[PDB]
Amino acid sequence: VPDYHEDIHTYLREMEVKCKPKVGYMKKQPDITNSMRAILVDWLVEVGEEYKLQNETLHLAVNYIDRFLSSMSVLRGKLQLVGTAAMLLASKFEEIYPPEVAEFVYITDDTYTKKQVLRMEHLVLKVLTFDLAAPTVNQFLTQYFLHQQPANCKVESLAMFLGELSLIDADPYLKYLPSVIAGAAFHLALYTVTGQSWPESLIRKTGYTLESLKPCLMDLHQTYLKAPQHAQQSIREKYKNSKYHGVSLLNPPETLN
Amino acid sequence: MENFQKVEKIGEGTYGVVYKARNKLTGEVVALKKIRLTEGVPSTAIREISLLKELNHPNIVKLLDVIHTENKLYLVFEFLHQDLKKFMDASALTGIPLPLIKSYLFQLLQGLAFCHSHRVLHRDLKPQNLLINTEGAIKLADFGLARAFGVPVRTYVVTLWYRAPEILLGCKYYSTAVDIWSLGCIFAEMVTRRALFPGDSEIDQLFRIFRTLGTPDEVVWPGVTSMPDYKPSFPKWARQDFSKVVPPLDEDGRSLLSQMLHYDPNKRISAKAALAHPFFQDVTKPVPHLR
Ligand SMILES: COc1cc2ncn(-c3cc(O[C@H](C)c4ccccc4Cl)c(C(N)=O)s3)c2cc1OC
């Protein structure tokens with residue numbers, strides 16, 4: 001149905017500001033680092049694959065983690081507990097039916113108990129004040145994909161691929177709103193596969209020019225180019241599947257003009 | 001929690017128990033939903049809370065508070081006087097006056113257009129989930145099955161009678177249309193005093209829809225004969241004149257109802273567009289008679 005797309009987009013654009021984490025939060029965490037966060041998110045990707053969860057679930061979990069770490073000091077030995085609870089919450093929100101708690105304790109490799117996961121769930125809910133319906137890069141791409149002429153599954157998968165990569169590296173991606181990252185991921189995927197650009201209809205709809213997407217595009221291009229050399233490889237492995245048309249094997253362009 | 005006085009039980013189900021309650025300090029009357037609570041916070045409560053918090057509108061029931069102890073979880077709602085199901089029964093002899101039907105439909109669509117443009121699907125719209133007061137308000141309630149559709153919502157639910165044909169035929173995703181289907185069924189029920197499609201089973205439900213609206217084909221609804229639960233052996237029924245389905249409705253009501261019951265979920269009228277139907281040109285706000 002066409003009627004509601006504008007209102008929804010406007011609403012998500014409004015909501016993504018309210019649901020954003022603090023950009024300099026990691027500097028204020030004395031025991032945890034960007035690198036540790038990267039390890040965690042990469043692991044969650046694997047968890048998603050192993051339990052066949054939606055990509056939206058992964059995206060939401062990362063948002064919860066980043067928001068939680070924006071106001072609570074966490075020690076390195078407890079980071080994974082925050083991670084698991086966020087994934088569980090994300091599953092409960094997004095999945096048709098989530099995995100039961102026991103399955104989430106299983107993936108921690110007996111590091112934490114059932115009781116611990118459930119109490120962390122309660123804590124995260126308290127800290128997030130039950131506001132779980134966060135807009136995600138995934139949501140925006142979904143909206144943007146309706147402006148394809150015509151639709152291209154390679155483009156979609158690559159955009160999804162690039163968007164997921166952005167989850168791994170808090171530096172630089174916490175600087176950008178989901179609508180912006182999605183803007184970049186969409187144009188880059190479009191450019192790589194079809195040679196087309198960020199289309200006029202999306203400029204009008206989003207207010208973003210290609211020029212305004214440039215700073216994020218330059219970062220995402222760098223991420224894309226350096227992806228085979230990144231310490232975290234779960235996302236590339238995920239996107240080798242025919243399910244995603246093996247897009248992580250596609251050569252990125254050398255420049256963006 | 002110590003500020004609330006339990007007045008009486010008003011509902012019970014798999015979730016837990018619902019109480020009419022009073023705020024001991026402010027005097028505010030509230031509906032308390034108590035969730036039993038090793039599986040943690042239930043998925044439906046997580047959804048109901050985070051979605052309703054975003055939805056402040058005069059035609060959607062207000063979530064006033066959430067109290068989260070260690071071992072119990074309470075959802076505090078504004079209190080309304082009864083549900084439409086109970087009202088429709090009280091009205092079985094007299095009927096609900098048509099201006100009040102119109103007022104109710106109008107407000108229902110406003111609440112729903114608000115939900116939909118905030119990317120929330122209700123999914124469980126039925127008379128007992130719609131609540132009314134004595135000053136003529138109607139509000140959507142029970143977002144226990146509600147879903148955010150920032151990305152499309154896969155099919156698993158809703159009681160049979162108000163279930164859209166695309167769900168019965170096994171579509172892959174929900175869309176806003178499923179909610180409009182439900183309101184259309186409820187609209188006709190207010191008008192006729194009888195459930196529009198009261199099926200015993202999934203197959204009996206489809207067949208009842210087909211007998212009234214005609215068995216859909218590829219012309220009416222492209223893709224229908226390719227749907228997971230469609231059968232070539234489905235009987236081919238003729239569409240029935242709406243003047244025989246909802247007799248006391250004027251041309252405008254019949255027009256709106258048929259657009260709300262449109263087969264193709266892509267072309268089924270939206271709540272937003274339904275608010276501009278000439279049917280609501282003379283909409284007023286009458287007061288119901290409640291027992
Ligand atoms: C007068 O009878 C009432 C009044 C009333 N005011 C608010 N509520 C709500 C209850 C509720 O949750 C439960 C699960 C519910 C919802 C819909 C129908 C029945 C029941 Cl029990 C609300 C919600 N979740 O939005 S609002 C009521 C209910 C009621 O009688 C049931």
# chains A, B, ... in the order shown; residues from 1 in each chain; ligands from 1
>>> closest_atom_pairs(of="chain B", to="ligand 1", cutoff="6 Å", atoms="only C-alpha atoms and all ligand atoms", output="CSV")
residue,atom,partner,partner_atom_place_in_ligand_line,distance
B:10,CA,ligand 1,30 (O),5.1
B:11,CA,ligand 1,21 (Cl),4.2
B:18,CA,ligand 1,21 (Cl),5.7
B:31,CA,ligand 1,7 (C),4.8
B:33,CA,ligand 1,12 (O),5.8
B:61,CA,ligand 1,25 (O),5.7
B:77,CA,ligand 1,26 (S),5.8
B:78,CA,ligand 1,7 (C),5.7
B:79,CA,ligand 1,6 (N),3.6
B:80,CA,ligand 1,6 (N),4.0
B:81,CA,ligand 1,1 (C),4.3
B:82,CA,ligand 1,1 (C),3.9
B:128,CA,ligand 1,18 (C),5.4
B:129,CA,ligand 1,17 (C),4.4
B:141,CA,ligand 1,25 (O),3.8
B:142,CA,ligand 1,24 (N),3.7
>>> write_last_selection(atoms="N, CA, C and O atoms", output="mmCIF file, in the first residue's frame")
data_model
loop_
_atom_site.group_PDB
_atom_site.id
_atom_site.type_symbol
_atom_site.label_atom_id
_atom_site.label_comp_id
_atom_site.auth_asym_id
_atom_site.auth_seq_id
_atom_site.Cartn_x
_atom_site.Cartn_y
_atom_site.Cartn_z
ATOM 1 N N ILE B 10 -11.730 -7.473 36.007
ATOM 2 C CA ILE B 10 -12.429 -7.127 34.766
ATOM 3 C C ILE B 10 -12.044 -8.020 33.583
ATOM 4 O O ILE B 10 -12.668 -7.946 32.526
ATOM 5 N N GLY B 11 -11.038 -8.874 33.778
ATOM 6 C CA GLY B 11 -10.612 -9.834 32.754
ATOM 7 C C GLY B 11 -9.529 -10.806 33.193
ATOM 8 O O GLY B 11 -8.765 -10.526 34.116
ATOM 9 N N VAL B 18 -6.633 -8.937 34.694
ATOM 10 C CA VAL B 18 -6.888 -7.492 34.583
ATOM 11 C C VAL B 18 -7.877 -7.000 35.645
ATOM 12 O O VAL B 18 -8.971 -7.553 35.804
ATOM 13 N N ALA B 31 -7.076 0.694 34.636
ATOM 14 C CA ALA B 31 -7.101 -0.731 34.388
ATOM 15 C C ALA B 31 -5.694 -1.261 34.626
ATOM 16 O O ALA B 31 -4.745 -0.829 33.969
ATOM 17 N N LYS B 33 -3.162 -4.236 34.273
ATOM 18 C CA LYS B 33 -2.851 -5.527 33.675
ATOM 19 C C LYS B 33 -1.643 -6.116 34.385
ATOM 20 O O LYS B 33 -0.554 -5.550 34.347
ATOM 21 N N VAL B 61 -5.940 3.526 23.440
ATOM 22 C CA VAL B 61 -5.931 3.502 24.906
ATOM 23 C C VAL B 61 -4.539 3.872 25.430
ATOM 24 O O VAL B 61 -3.533 3.398 24.914
ATOM 25 N N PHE B 77 -3.251 1.147 32.546
ATOM 26 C CA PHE B 77 -3.976 1.766 31.419
ATOM 27 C C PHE B 77 -5.075 2.695 31.915
ATOM 28 O O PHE B 77 -5.640 2.475 32.990
ATOM 29 N N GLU B 78 -5.422 3.701 31.113
ATOM 30 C CA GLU B 78 -6.643 4.469 31.368
ATOM 31 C C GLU B 78 -7.829 3.524 31.366
ATOM 32 O O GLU B 78 -7.802 2.489 30.701
ATOM 33 N N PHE B 79 -8.859 3.874 32.123
ATOM 34 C CA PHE B 79 -10.029 3.023 32.239
ATOM 35 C C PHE B 79 -11.181 3.484 31.342
ATOM 36 O O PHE B 79 -11.558 4.644 31.371
ATOM 37 N N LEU B 80 -11.740 2.578 30.551
ATOM 38 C CA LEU B 80 -12.961 2.900 29.813
ATOM 39 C C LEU B 80 -14.153 2.073 30.286
ATOM 40 O O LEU B 80 -13.984 1.106 31.011
ATOM 41 N N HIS B 81 -15.356 2.462 29.885
ATOM 42 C CA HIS B 81 -16.572 1.971 30.541
ATOM 43 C C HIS B 81 -17.013 0.577 30.088
ATOM 44 O O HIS B 81 -17.538 -0.183 30.894
ATOM 45 N N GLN B 82 -16.795 0.242 28.817
ATOM 46 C CA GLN B 82 -17.020 -1.122 28.332
ATOM 47 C C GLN B 82 -16.485 -1.332 26.929
ATOM 48 O O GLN B 82 -15.974 -0.400 26.323
ATOM 49 N N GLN B 128 -14.424 -6.782 21.019
ATOM 50 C CA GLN B 128 -14.042 -6.782 22.435
ATOM 51 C C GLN B 128 -12.694 -6.113 22.705
ATOM 52 O O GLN B 128 -12.281 -5.963 23.859
ATOM 53 N N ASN B 129 -12.024 -5.692 21.641
ATOM 54 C CA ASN B 129 -10.767 -4.955 21.774
ATOM 55 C C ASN B 129 -10.959 -3.455 21.562
ATOM 56 O O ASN B 129 -10.008 -2.681 21.653
ATOM 57 N N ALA B 141 -7.730 -0.954 21.650
ATOM 58 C CA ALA B 141 -7.044 -1.507 22.814
ATOM 59 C C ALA B 141 -6.432 -2.855 22.479
ATOM 60 O O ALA B 141 -6.585 -3.353 21.372
ATOM 61 N N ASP B 142 -5.748 -3.441 23.458
ATOM 62 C CA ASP B 142 -5.087 -4.743 23.329
ATOM 63 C C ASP B 142 -4.111 -4.830 22.154
ATOM 64 O O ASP B 142 -4.388 -5.459 21.134
#
>>> closest_atom_pairs(of="chain A", to="chain B", cutoff="9 Å", atoms="only C-alpha atoms", output="JSON lines")
{"residue": "A:1", "atom": "CA", "partner": "B:266", "partner_atom": "CA", "distance": 5.2}
{"residue": "A:2", "atom": "CA", "partner": "B:266", "partner_atom": "CA", "distance": 8.3}
{"residue": "A:3", "atom": "CA", "partner": "B:270", "partner_atom": "CA", "distance": 7.1}
{"residue": "A:4", "atom": "CA", "partner": "B:117", "partner_atom": "CA", "distance": 5.4}
{"residue": "A:5", "atom": "CA", "partner": "B:117", "partner_atom": "CA", "distance": 7.7}
{"residue": "A:6", "atom": "CA", "partner": "B:117", "partner_atom": "CA", "distance": 8.3}
{"residue": "A:7", "atom": "CA", "partner": "B:117", "partner_atom": "CA", "distance": 5.3}
{"residue": "A:8", "atom": "CA", "partner": "B:117", "partner_atom": "CA", "distance": 5.2}
{"residue": "A:9", "atom": "CA", "partner": "B:117", "partner_atom": "CA", "distance": 9.0}
{"residue": "A:11", "atom": "CA", "partner": "B:118", "partner_atom": "CA", "distance": 6.5}
{"residue": "A:12", "atom": "CA", "partner": "B:118", "partner_atom": "CA", "distance": 8.3}
{"residue": "A:56", "atom": "CA", "partner": "B:151", "partner_atom": "CA", "distance": 7.8}
{"residue": "A:89", "atom": "CA", "partner": "B:46", "partner_atom": "CA", "distance": 8.2}
{"residue": "A:91", "atom": "CA", "partner": "B:43", "partner_atom": "CA", "distance": 8.6}
{"residue": "A:92", "atom": "CA", "partner": "B:43", "partner_atom": "CA", "distance": 4.9}
{"residue": "A:93", "atom": "CA", "partner": "B:47", "partner_atom": "CA", "distance": 5.9}
{"residue": "A:94", "atom": "CA", "partner": "B:147", "partner_atom": "CA", "distance": 8.3}
{"residue": "A:95", "atom": "CA", "partner": "B:154", "partner_atom": "CA", "distance": 9.0}
{"residue": "A:96", "atom": "CA", "partner": "B:156", "partner_atom": "CA", "distance": 6.5}
{"residue": "A:97", "atom": "CA", "partner": "B:43", "partner_atom": "CA", "distance": 8.3}
{"residue": "A:98", "atom": "CA", "partner": "B:43", "partner_atom": "CA", "distance": 8.1}
{"residue": "A:100", "atom": "CA", "partner": "B:39", "partner_atom": "CA", "distance": 6.9}
{"residue": "A:101", "atom": "CA", "partner": "B:39", "partner_atom": "CA", "distance": 6.0}
{"residue": "A:102", "atom": "CA", "partner": "B:39", "partner_atom": "CA", "distance": 8.5}
{"residue": "A:114", "atom": "CA", "partner": "B:38", "partner_atom": "CA", "distance": 8.2}
{"residue": "A:115", "atom": "CA", "partner": "B:38", "partner_atom": "CA", "distance": 8.3}
{"residue": "A:118", "atom": "CA", "partner": "B:40", "partner_atom": "CA", "distance": 5.8}
{"residue": "A:119", "atom": "CA", "partner": "B:40", "partner_atom": "CA", "distance": 8.5}
{"residue": "A:121", "atom": "CA", "partner": "B:40", "partner_atom": "CA", "distance": 7.7}
{"residue": "A:122", "atom": "CA", "partner": "B:41", "partner_atom": "CA", "distance": 7.8}
{"residue": "A:125", "atom": "CA", "partner": "B:46", "partner_atom": "CA", "distance": 9.0}
{"residue": "A:126", "atom": "CA", "partner": "B:68", "partner_atom": "CA", "distance": 8.4}
{"residue": "A:129", "atom": "CA", "partner": "B:50", "partner_atom": "CA", "distance": 8.9}
{"residue": "A:130", "atom": "CA", "partner": "B:50", "partner_atom": "CA", "distance": 5.6}
{"residue": "A:131", "atom": "CA", "partner": "B:50", "partner_atom": "CA", "distance": 5.2}
{"residue": "A:132", "atom": "CA", "partner": "B:50", "partner_atom": "CA", "distance": 5.7}
{"residue": "A:133", "atom": "CA", "partner": "B:50", "partner_atom": "CA", "distance": 6.3}
{"residue": "A:135", "atom": "CA", "partner": "B:150", "partner_atom": "CA", "distance": 7.5}
{"residue": "A:136", "atom": "CA", "partner": "B:150", "partner_atom": "CA", "distance": 8.6}
{"residue": "A:138", "atom": "CA", "partner": "B:151", "partner_atom": "CA", "distance": 7.7}
{"residue": "A:139", "atom": "CA", "partner": "B:150", "partner_atom": "CA", "distance": 5.2}
{"residue": "A:140", "atom": "CA", "partner": "B:150", "partner_atom": "CA", "distance": 8.0}
{"residue": "A:142", "atom": "CA", "partner": "B:151", "partner_atom": "CA", "distance": 6.4}
{"residue": "A:143", "atom": "CA", "partner": "B:150", "partner_atom": "CA", "distance": 8.0}
>>> residues_around(residues="residue 278 of chain B", least_positions_apart="2", cutoff="12 Å", atoms="only C-alpha atoms", output="list in words")
residues 102, 106, 250, 251, 252, 253, 254, 255, 256, 273, 274, 275, 276, 280, 281, 282 and 283 of chain B
>>> write_last_selection(atoms="C-alpha atoms", output="compact mmCIF listing (two decimals), in the first residue's frame")
# COMPACT_ATOMS: atom_id res chain seq x y z
CA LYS B 102 -20.58 6.52 11.69
CA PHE B 106 -14.69 7.57 11.98
CA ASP B 250 -26.96 4.46 1.95
CA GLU B 251 -24.87 4.51 -1.27
CA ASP B 252 -21.93 6.09 0.59
CA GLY B 253 -21.77 3.43 3.31
CA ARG B 254 -22.02 0.62 0.75
CA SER B 255 -19.21 2.32 -1.18
CA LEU B 256 -16.92 2.56 1.84
CA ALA B 273 -8.10 7.58 2.50
CA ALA B 274 -11.26 6.27 4.19
CA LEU B 275 -11.41 9.42 6.39
CA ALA B 276 -12.02 11.48 3.25
CA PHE B 280 -18.13 11.09 6.81
CA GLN B 281 -19.23 14.48 5.42
CA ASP B 282 -21.87 14.88 8.14
CA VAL B 283 -20.13 13.00 10.99
>>> closest_atom_pairs(of="segment 65-109 of chain A", to="segment 20-40 of chain A", cutoff="12 Å", atoms="only C-alpha atoms", output="CSV")
residue,atom,partner,partner_atom,distance
A:65,CA,A:21,CA,9.1
A:66,CA,A:21,CA,5.7
A:67,CA,A:21,CA,4.7
A:68,CA,A:21,CA,8.3
A:69,CA,A:25,CA,7.0
A:70,CA,A:25,CA,5.3
A:71,CA,A:25,CA,8.1
A:72,CA,A:29,CA,8.5
A:73,CA,A:29,CA,6.0
A:74,CA,A:31,CA,7.1
A:75,CA,A:31,CA,5.4
A:76,CA,A:32,CA,5.5
A:77,CA,A:32,CA,9.3
A:78,CA,A:32,CA,9.8
A:79,CA,A:40,CA,7.9
A:80,CA,A:40,CA,6.7
A:81,CA,A:40,CA,10.2
A:82,CA,A:40,CA,9.9
A:83,CA,A:40,CA,7.0
A:84,CA,A:40,CA,9.5
A:86,CA,A:40,CA,11.5
A:87,CA,A:40,CA,11.1
A:108,CA,A:40,CA,11.3
>>> write_last_selection(atoms="C-alpha atoms", output="tab-separated table (two decimals), in the first residue's frame")
chain	number	residue	atom	x	y	z
A	65	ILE	CA	24.00	-2.35	23.23
A	66	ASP	CA	25.20	1.09	22.17
A	67	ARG	CA	22.43	2.86	24.13
A	68	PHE	CA	23.10	0.72	27.22
A	69	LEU	CA	26.83	1.44	27.07
A	70	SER	CA	25.99	5.16	26.76
A	71	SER	CA	24.88	5.32	30.42
A	72	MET	CA	26.24	2.23	32.24
A	73	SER	CA	29.87	1.39	33.00
A	74	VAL	CA	30.62	-2.20	32.03
A	75	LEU	CA	33.66	-4.35	32.75
A	76	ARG	CA	35.09	-6.44	29.90
A	77	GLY	CA	34.07	-9.72	31.55
A	78	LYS	CA	30.43	-8.57	31.56
A	79	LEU	CA	30.21	-7.08	28.03
A	80	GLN	CA	29.03	-10.39	26.54
A	81	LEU	CA	26.23	-10.53	29.15
A	82	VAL	CA	25.00	-7.15	27.91
A	83	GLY	CA	25.33	-8.50	24.36
A	84	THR	CA	23.33	-11.68	24.99
A	86	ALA	CA	20.26	-7.32	24.00
A	87	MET	CA	20.07	-10.12	21.40
A	108	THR	CA	27.62	-18.02	25.84
>>> residues_around(residues="segment 137-139 of chain B", least_positions_apart="6", cutoff="10 Å", atoms="only C-alpha atoms", output="PDB file with N, CA and C atoms, in the first residue's frame")
ATOM      1  N   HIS B  57      -2.653   9.148  21.153  1.00  0.00           N
ATOM      2  CA  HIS B  57      -3.723   9.614  20.276  1.00  0.00           C
ATOM      3  C   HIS B  57      -5.024   9.437  21.050  1.00  0.00           C
ATOM      4  N   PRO B  58      -5.981  10.371  20.886  1.00  0.00           N
ATOM      5  CA  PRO B  58      -7.249  10.273  21.620  1.00  0.00           C
ATOM      6  C   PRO B  58      -8.097   9.018  21.328  1.00  0.00           C
ATOM      7  N   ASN B  59      -7.773   8.274  20.272  1.00  0.00           N
ATOM      8  CA  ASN B  59      -8.527   7.054  19.919  1.00  0.00           C
ATOM      9  C   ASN B  59      -7.753   5.742  20.058  1.00  0.00           C
ATOM     10  N   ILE B  60      -6.743   5.769  20.930  1.00  0.00           N
ATOM     11  CA  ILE B  60      -5.893   4.635  21.252  1.00  0.00           C
ATOM     12  C   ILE B  60      -5.772   4.663  22.775  1.00  0.00           C
ATOM     13  N   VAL B  61      -5.940   3.526  23.440  1.00  0.00           N
ATOM     14  CA  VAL B  61      -5.931   3.502  24.906  1.00  0.00           C
ATOM     15  C   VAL B  61      -4.539   3.872  25.430  1.00  0.00           C
ATOM     16  N   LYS B  62      -4.499   4.741  26.437  1.00  0.00           N
ATOM     17  CA  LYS B  62      -3.252   5.241  26.981  1.00  0.00           C
ATOM     18  C   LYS B  62      -2.614   4.251  27.926  1.00  0.00           C
ATOM     19  N   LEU B  80     -11.740   2.578  30.551  1.00  0.00           N
ATOM     20  CA  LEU B  80     -12.961   2.900  29.813  1.00  0.00           C
ATOM     21  C   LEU B  80     -14.153   2.073  30.286  1.00  0.00           C
ATOM     22  N   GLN B  82     -16.795   0.242  28.817  1.00  0.00           N
ATOM     23  CA  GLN B  82     -17.020  -1.122  28.332  1.00  0.00           C
ATOM     24  C   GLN B  82     -16.485  -1.332  26.929  1.00  0.00           C
ATOM     25  N   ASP B  83     -16.596  -2.559  26.425  1.00  0.00           N
ATOM     26  CA  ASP B  83     -16.190  -2.859  25.058  1.00  0.00           C
ATOM     27  C   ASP B  83     -17.387  -2.864  24.102  1.00  0.00           C
ATOM     28  N   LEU B  84     -17.093  -2.756  22.808  1.00  0.00           N
ATOM     29  CA  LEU B  84     -18.110  -2.675  21.773  1.00  0.00           C
ATOM     30  C   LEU B  84     -18.942  -3.953  21.714  1.00  0.00           C
ATOM     31  N   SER B 103     -19.923   7.700  13.696  1.00  0.00           N
ATOM     32  CA  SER B 103     -18.997   8.326  14.626  1.00  0.00           C
ATOM     33  C   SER B 103     -17.953   7.312  15.079  1.00  0.00           C
ATOM     34  N   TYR B 104     -18.410   6.111  15.426  1.00  0.00           N
ATOM     35  CA  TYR B 104     -17.500   5.072  15.871  1.00  0.00           C
ATOM     36  C   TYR B 104     -16.512   4.704  14.769  1.00  0.00           C
ATOM     37  N   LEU B 105     -17.013   4.458  13.562  1.00  0.00           N
ATOM     38  CA  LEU B 105     -16.135   4.081  12.463  1.00  0.00           C
ATOM     39  C   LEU B 105     -15.105   5.170  12.238  1.00  0.00           C
ATOM     40  N   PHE B 106     -15.559   6.422  12.218  1.00  0.00           N
ATOM     41  CA  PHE B 106     -14.690   7.572  11.980  1.00  0.00           C
ATOM     42  C   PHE B 106     -13.521   7.611  12.975  1.00  0.00           C
ATOM     43  N   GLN B 107     -13.832   7.424  14.256  1.00  0.00           N
ATOM     44  CA  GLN B 107     -12.822   7.462  15.296  1.00  0.00           C
ATOM     45  C   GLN B 107     -11.904   6.256  15.216  1.00  0.00           C
ATOM     46  N   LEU B 108     -12.473   5.093  14.913  1.00  0.00           N
ATOM     47  CA  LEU B 108     -11.664   3.894  14.727  1.00  0.00           C
ATOM     48  C   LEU B 108     -10.614   4.099  13.625  1.00  0.00           C
ATOM     49  N   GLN B 110      -9.359   6.952  12.578  1.00  0.00           N
ATOM     50  CA  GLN B 110      -8.381   7.934  13.042  1.00  0.00           C
ATOM     51  C   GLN B 110      -7.289   7.297  13.900  1.00  0.00           C
ATOM     52  N   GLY B 111      -7.700   6.452  14.842  1.00  0.00           N
ATOM     53  CA  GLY B 111      -6.767   5.696  15.663  1.00  0.00           C
ATOM     54  C   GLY B 111      -5.906   4.794  14.803  1.00  0.00           C
ATOM     55  N   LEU B 112      -6.523   4.173  13.806  1.00  0.00           N
ATOM     56  CA  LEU B 112      -5.816   3.224  12.970  1.00  0.00           C
ATOM     57  C   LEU B 112      -4.845   3.909  12.007  1.00  0.00           C
ATOM     58  N   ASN B 129     -12.024  -5.692  21.641  1.00  0.00           N
ATOM     59  CA  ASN B 129     -10.767  -4.955  21.774  1.00  0.00           C
ATOM     60  C   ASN B 129     -10.959  -3.455  21.562  1.00  0.00           C
ATOM     61  N   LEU B 130     -12.194  -3.050  21.285  1.00  0.00           N
ATOM     62  CA  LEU B 130     -12.505  -1.649  21.088  1.00  0.00           C
ATOM     63  C   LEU B 130     -13.315  -1.168  22.284  1.00  0.00           C
ATOM     64  N   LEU B 131     -12.825  -0.116  22.941  1.00  0.00           N
ATOM     65  CA  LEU B 131     -13.404   0.348  24.197  1.00  0.00           C
ATOM     66  C   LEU B 131     -14.088   1.711  24.085  1.00  0.00           C
ATOM     67  N   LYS B 285     -20.701  13.707  16.852  1.00  0.00           N
ATOM     68  CA  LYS B 285     -20.243  12.894  17.983  1.00  0.00           C
ATOM     69  C   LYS B 285     -21.377  12.594  18.992  1.00  0.00           C
ATOM     70  N   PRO B 286     -22.267  11.640  18.651  1.00  0.00           N
ATOM     71  CA  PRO B 286     -23.392  11.303  19.529  1.00  0.00           C
ATOM     72  C   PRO B 286     -22.936  10.563  20.779  1.00  0.00           C
ATOM     73  N   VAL B 287     -23.737  10.627  21.836  1.00  0.00           N
ATOM     74  CA  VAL B 287     -23.424   9.910  23.068  1.00  0.00           C
ATOM     75  C   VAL B 287     -24.176   8.583  23.123  1.00  0.00           C
ATOM     76  N   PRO B 288     -23.475   7.483  23.452  1.00  0.00           N
ATOM     77  CA  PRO B 288     -24.163   6.194  23.528  1.00  0.00           C
ATOM     78  C   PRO B 288     -24.997   6.073  24.794  1.00  0.00           C
TER      79      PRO B 288
END
>>> atom_distance(atom1="atom CA of residue 17 of chain A", atom2="atom CA of residue 64 of chain B")
24.2 Å
>>> select_by_dssp(residues="segment 39-179 of chain A", states="helix (DSSP H, G or I)", output="ChimeraX atom specification")
/A:39-50,55-68,76-94,101-106,114-127,137-147,153-168,170-173,178-179
>>> atom_distance(atom1="atom CA of residue 189 of chain A", atom2="atom CA of residue 55 of chain A")
17.5 Å
>>> closest_residue(among="B:67, B:91, B:180, B:163", to="residue 115 of chain B", atoms="only C-alpha atoms")
B:180
>>> residues_around(residues="residue 50 of chain A", least_positions_apart="6", cutoff="12 Å", atoms="only C-alpha atoms", output="VMD selection string")
chain A and resid 43 to 44 99 103 to 104 106 to 107 234 238
>>> residues_around(residues="residue 196 of chain A", least_positions_apart="2", cutoff="12 Å", atoms="only C-alpha atoms", output="tab-separated table (two decimals) with C-alpha atoms, in the first residue's frame")
chain	number	residue	atom	x	y	z
A	148	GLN	CA	14.71	1.21	-7.38
A	149	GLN	CA	14.14	1.30	-11.15
A	150	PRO	CA	13.74	-1.61	-11.41
A	152	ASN	CA	17.80	-5.61	-8.27
A	155	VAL	CA	21.93	-4.28	-5.24
A	186	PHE	CA	22.35	2.16	-1.01
A	187	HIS	CA	24.32	4.41	-3.38
A	188	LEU	CA	27.49	2.34	-3.10
A	189	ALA	CA	25.67	-0.93	-3.81
A	190	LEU	CA	23.80	0.74	-6.67
A	191	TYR	CA	27.06	2.12	-8.11
A	192	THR	CA	28.97	-1.18	-7.81
A	193	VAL	CA	26.28	-3.37	-9.41
A	194	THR	CA	24.54	-1.13	-11.97
A	198	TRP	CA	21.58	7.86	-5.55
A	199	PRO	CA	18.34	8.62	-7.45
A	200	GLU	CA	16.52	11.95	-7.76
A	256	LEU	CA	33.74	7.10	-6.52
>>> decode(residues="segment 160-169 of chain B", atoms="N, CA and C atoms", output="CSV table (one decimal), in the first residue's frame")
chain,number,residue,atom,x,y,z
B,160,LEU,N,-11.0,-15.8,14.1
B,160,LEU,CA,-11.4,-16.1,12.7
B,160,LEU,C,-12.3,-15.1,12.0
B,161,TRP,N,-13.4,-14.7,12.7
B,161,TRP,CA,-14.4,-13.9,12.1
B,161,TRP,C,-13.9,-12.6,11.4
B,162,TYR,N,-12.8,-12.1,11.9
B,162,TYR,CA,-12.3,-10.8,11.5
B,162,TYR,C,-11.0,-10.9,10.7
B,163,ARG,N,-10.7,-12.1,10.3
B,163,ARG,CA,-9.4,-12.5,9.6
B,163,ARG,C,-9.5,-12.2,8.1
B,164,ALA,N,-8.6,-11.5,7.6
B,164,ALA,CA,-8.6,-11.1,6.2
B,164,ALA,C,-8.4,-12.3,5.3
B,165,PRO,N,-8.9,-12.3,4.0
B,165,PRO,CA,-8.8,-13.4,3.1
B,165,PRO,C,-7.4,-13.7,2.8
B,166,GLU,N,-6.5,-12.7,2.7
B,166,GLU,CA,-5.1,-13.0,2.3
B,166,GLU,C,-4.3,-13.8,3.3
B,167,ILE,N,-4.7,-13.7,4.6
B,167,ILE,CA,-4.1,-14.5,5.6
B,167,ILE,C,-4.6,-15.9,5.6
B,168,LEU,N,-5.9,-16.1,5.3
B,168,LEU,CA,-6.5,-17.4,5.2
B,168,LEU,C,-6.0,-18.1,3.9
B,169,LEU,N,-5.5,-17.4,2.9
B,169,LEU,CA,-5.0,-18.0,1.7
B,169,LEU,C,-3.5,-18.2,1.8
